[PDB]
């Protein structure tokens, strides 16, 4: 029942950024525009220019550090805009939010708008664990307002103000996700036929996944139990190539399958970051400390797209496994997307959260 807008001022107070929201939805076909305003103090500002830089960049190294010669970085995308003087230009028409934000402020709140390309990677992070914190890495979208005579002139952290916006992926549902099968001979004439499938291709966070297990046991062997499990896969495509893998869900059913007998059952489990705080190597869609953080959404491949510049490729697979009294198994691919969200101005500090 209101219209909130986040904000964050520079260490001093001269510069102050305002934004409608932290996250920004990437509809694959197009990313939402970055609406914002920057309140400049004409006093110390002098005649020099006020810039605003949006920057997507792959980081690698200690989480905290950022010093050159230690922390690696690579700008996957950069966009500079001159908020003062207002430049020509114009050109992007002011949004309803930018207008009302200027009204509340006073003849020193200058608009700025970034249009993010579709092929860019979403926000993502990967904690290697305490064993080797230096292996940390991820993609990050920064927003940085500052003031200087030119884009070349070095900045000063007291002047500038750094925000960190996330770009979240999304895509509506809608054919039946193909099944997966495997015949295996266990010291027998006839094969044990394992088969499984899913009710959906695209799952959202917190949503339960239903696995349709169906097993024609044509052997004289007995299946003692069945392990269902969701598995994350994360490939590091920059600075230091590697492939992580980690179970985000597990369920061991002591369900048996008699020889020559058929079996069927729909299992259900839900991948959840809650059980992952003690996990090593795991792709998150944000910082581990924030509450609004979740498991990294699945990375969309664009057929001819360059997967190297994507920084980190995340993917997911359900895995059925029959523990024979050898072990038969299968793996079902599936997409994990971010849930769709489905008045007077009210300010709020840009800080995420950590509680508790």
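Positions refer to the first chain, counted from 1. Here the rigid core means the biggest group of C-alpha atoms that line up within 1.5 Å when the two forms are laid on top of each other.
- With each structure aligned by its rigid core, the stretch whose Cα atoms sit farther from this model in 5 other deposited structures of this protein, between 149 to 157 and 208 to 216, is 149 to 157.
- In a rigid core superposition of the other structures in 5 other deposited structures of this protein, 228 to 236 and 92 to 100 differ in how far their CA atoms stray, and the farther one is 92 to 100.
- Of the other structures of this protein that model both sides of residue 342, a third or more give it no coordinates.
- Coordinates are lacking for 10 or more deposited residues between residue 325 and residue 326.
- Per the record, residue 342 and residue 343 are separated by 10 or more deposited residues that are missing from the model.
- When the mean C-alpha temperature factors of 216 to 224 and 108 to 116 are read from the deposited coordinates, 108 to 116 comes out higher.
- Stretches 149 to 157 and 198 to 206 differ in mean CA B factor, with 149 to 157 having the higher one.
- Which of 33, 61, 304, 311 has the largest Cα B-factor in the deposited entry comes down to 304.
- Comparing the C-alpha B-factors of 131, 189, 251, 75 in the entry, the top value falls on 131.
- Ranked within its chain, residue 176 lands in the highest third, by CA B factor from the PDB record.
- Sorting the modelled residues of the chain by their CA temperature factor places residue 332 in the lowest third.
- Ranked within its chain, residue 139 lands in the lowest third, by CA B factor from the PDB record.
- Sort the chain's modelled residues by C-alpha temperature factor and residue 44 lands in the highest third, per the entry.
- When all modelled residues of the chain are sorted by CA temperature factor, residue 99 is found within the middle third.
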